[PDB]
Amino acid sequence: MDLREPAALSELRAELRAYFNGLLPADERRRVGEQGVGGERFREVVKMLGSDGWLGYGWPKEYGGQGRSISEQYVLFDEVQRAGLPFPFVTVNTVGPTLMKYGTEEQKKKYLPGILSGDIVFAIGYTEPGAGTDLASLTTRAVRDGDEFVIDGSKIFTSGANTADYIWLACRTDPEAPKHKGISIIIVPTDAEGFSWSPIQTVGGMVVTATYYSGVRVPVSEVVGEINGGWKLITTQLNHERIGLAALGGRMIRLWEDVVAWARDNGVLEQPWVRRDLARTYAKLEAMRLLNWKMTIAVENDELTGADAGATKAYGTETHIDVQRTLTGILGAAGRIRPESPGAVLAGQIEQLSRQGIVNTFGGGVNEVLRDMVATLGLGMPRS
């Protein structure tokens, strides 16, 4: 039972840390992190990462990737988010890998090289106003017309649709089939006639979108996998997505450390209640950091249970909120000051993240569903 980072990973880490912190000045880097995949510098960042080879860091070498281990991919995902940079997670961790497994040779030739270089970015079109947690009830329609599909519907919370080149779109291709046997994944260019989007400004600052499909026509060959078998894609190949989300914890550890240094320097650290609060969040961040590595090692050995996955995700995202609340309390009167305003502490990052962390308890799996799965798959409870 060795819980220590290998010396190889620590060197990689310190080098990635400097690289990512060096791409942009700190104030500019804060802004790009807030803006996420919807921002006007996202594609710029994606292109820099692609040009320097980081986008296919974890991809197999036979697809042009560096073929690095799951542990090294995890350090990369950790350090890019720790720097506050956006990273094209859905493209590199969902779209790429699914195309490698389910893609035609023509689909692979068309999308993979551009994803690698940062010239092609996807957004995921799953969620609908009427189908969120219950995604299998989606109703965006794809009707076959000869060699084409005609797509009519709308999606909501299509993150990055406004900067994406393609939508990874989930559609109802068989209205009569049982809900799980009637969905297809179809790739839709964001410049297709009949496609549009509208902004949704979030409280955290990033802009997401609703997307609309009015008579959009795509070739049948742009289906990924089996027609009516897209639910099998939506529910599999999730392990990269899981470690990507777990890697967000690195940033909260950074900000914990930065608050301690802030509090040491101005005397706030002398207060018993600050010390208690720092101690409790330290203990919770330790567990988070170790559970996140344990999941990562499991993925590396192909031994990750859905129970451990969901348990780790629910604890981690709830711990981010806890740490954000608690650290904000330690900041005192400065804790309410937004980024870009005078008096902000640590540039307002904790104030801003508090308004973002409140989404991750239902992104990447709804925590109530994940606790059901822990009880059912983890403890053998019958389904609720």
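Numbers follow the displayed sequence, beginning with 1.
Novice: Where do the C-alpha atoms have the higher mean temperature factor in this entry, in 220-228 or in 277-285?
Specialist: The stretch with the larger mean CA B-factor is 220-228.
Novice: Per the PDB record, is the mean Cα temperature factor higher over 373-381 or over 1-9?
Specialist: It is 1-9.
Novice: Per the entry, which of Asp78, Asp119, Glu193, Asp258 tops the list for Cα B factor?
Specialist: Checking the PDB record, the top C-alpha B-factor among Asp78, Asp119, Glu193, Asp258 is at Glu193.
Novice: Among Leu327, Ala334, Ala26, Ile358, which carries the highest Cα B-factor?
Specialist: Of the candidates given, the C-alpha B-factor peaks at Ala26.
Novice: In terms of the CA temperature factor given in the entry, to which third of its chain does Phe149 belong: lowest, middle or highest?
Specialist: Its C-alpha B-factor belongs to the highest third of this chain's values.
Novice: Thinking about Cα B factors across the chain, which third does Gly249 belong to?
Specialist: According to the entry, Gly249 has a C-alpha B-factor in the chain's lowest third.
Novice: Test of reading the entry: by CA B factor among the chain's modelled residues, which third contains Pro175?
Specialist: According to the entry, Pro175 has a C-alpha B-factor in the chain's highest third.
Novice: How does the C-alpha B factor of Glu62 compare with the rest of the chain: lowest, middle or highest third?
Specialist: Tercile = highest for this residue's CA B-factor.
Novice: Give the position of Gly84 by CA B-factor within its chain, expressed as the lowest, middle or highest third.
Specialist: Highest third.
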